[PDB]
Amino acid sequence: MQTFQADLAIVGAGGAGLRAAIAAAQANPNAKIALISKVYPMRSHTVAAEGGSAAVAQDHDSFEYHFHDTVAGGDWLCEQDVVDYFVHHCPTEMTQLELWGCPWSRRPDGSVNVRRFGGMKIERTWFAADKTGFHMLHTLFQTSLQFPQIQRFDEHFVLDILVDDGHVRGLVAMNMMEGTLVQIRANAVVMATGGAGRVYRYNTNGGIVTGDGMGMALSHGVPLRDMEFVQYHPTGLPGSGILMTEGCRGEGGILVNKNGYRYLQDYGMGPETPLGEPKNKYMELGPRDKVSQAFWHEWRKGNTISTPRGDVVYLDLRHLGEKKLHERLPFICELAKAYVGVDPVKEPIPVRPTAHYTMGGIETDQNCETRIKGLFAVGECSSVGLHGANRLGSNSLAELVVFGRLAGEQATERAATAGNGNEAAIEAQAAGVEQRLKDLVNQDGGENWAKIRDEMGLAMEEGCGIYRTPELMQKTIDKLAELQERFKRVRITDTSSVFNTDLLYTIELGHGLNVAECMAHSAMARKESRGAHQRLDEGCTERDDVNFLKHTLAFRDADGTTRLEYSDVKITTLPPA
């Protein structure tokens, strides 16, 4: 194994990863930072984000409104000490993004425009057309080029981290093109690998979002926080699960059933609003969960239109007209045209709720540090205590820049204070990695990886849905256990070394199953209904602050068991009632 020295190593070149990269280079110019990514930095899932990044900008706004909004939308599972900090650095970070060249859509007076997302009463969502992610990531990536300090490792698959004596000391990654292993020594390491949306059968996520980092963290004693909370997006294309931005419904789009009935009024979100002026919290703009839940019910009544792609409801956008559509909905216009064959001005688009955002992730303090000194998690793969039981729409992209920076800065200090570990046990850890790999290559059995995949995705959908019942959560837990077993009987047929994807996809599948197990186990153990977690069984249908105002922590022991702990929820100035 070729060895590389670094002051700190970032795993993941997404938005948060890059934001940490830059942060680190500005905080110490003489640093050797290793930016490591299994794809090129501008391929990261972040680029597909369309809605926008949230930050207090309007005169009549207040950070306390942003705060309230988060904690309330988070159903009081937020770390209020963390939320407070987060809101306070949103404008700073959004402004700075503008400063580096992000082309935010502007008011005619040439200042940044903002729109409403995630139900926030006051609109504080900064946006660039509907390619906000694309601009943010590209801005961040293109920015990162001007720091000599950042050494990039593109198309490098991170296999494991190195740890001894409660401290991270490096990592081991494959050079994907060459097929050889590498070891980067760093006294502090940032996990920015994004979430695990890809463990569901239907989801809005890019193929690369497979939970790797989380899985890695699992292998070292680090728990995953609040993995039961998984957010579906009310409106996704059938089949692909391709996201149609809420912006559709903000501009006045309507959701109808097989009788062209606007059904949402019949579910507590009525009285039907006129086609012209939609209203926040009413009808199509009702709260997220209620809109998805309503789909389920409508399907129960047999009111869904049935396509070969699946049972769907209609998102009607015709009444918007040509001009209104191309100014704000051009991307949504081309997607629907391409992937379902629908001109949104000519006819309605099929939609159905789809798996979207992983609220859960790697446990971290207010400083993004995990229980392993020098090891950090940030962004979708992490849990800083920001989102609680439900993330506010547009707070995620905001989080990348806000905490990305914090992480880059915090990791800089741990790398400076490190002192040395024991190189023998460290080089042994690496021998360990290398060996576990040869273990997976040589493994025989003739189980097809793609079927264990196909089947995990299925169990996730059927067991961990909008609505959840003990019977199904159990069947999923069970199913996962077999698949975990079957996984050990998988044969990687492709033995080549130049860009072996058969191998890579298989490793990510490994991680999926560990993570999947943590959602499923967490979900079942939560005998209550909170946020994205909705149980139908008796005495679990409502919010329980008496017994369940606590985060779920899921650990994975060497024996392969998924074990749960609970921890308290820091509250400052906003106790529930």
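Numbers for residues come from their place in the sequence shown, where the first is 1.
In this entry, the higher average B-factor at the C-alpha atoms falls on 264 to 272, of the pair 264 to 272 and 205 to 213.
For the pair 277 to 285 and 230 to 238, the mean Cα B-factor is higher in 277 to 285. Going by the entry's values, 27 shows the largest Cα B-factor out of 532, 513, 27, 48. When the C-alpha B-factors of 479, 326, 453, 124 are read from the PDB record, the largest value belongs to 326. For residue 483, the recorded CA B-factor ranks within the middle third of the chain. Only modelled residues enter the ranking.
Ranked against the other modelled residues of its chain, the C-alpha B-factor of residue 381 as given in the entry falls in the lowest third.
Among the modelled residues of its chain, residue 435 has a C-alpha B-factor that falls in the highest third according to the deposited record.
When the modelled residues of the chain are ordered by their C-alpha B factor, residue 200 lands in the lowest third.
Sorting the modelled residues of the chain by their CA temperature factor places residue 425 in the highest third.
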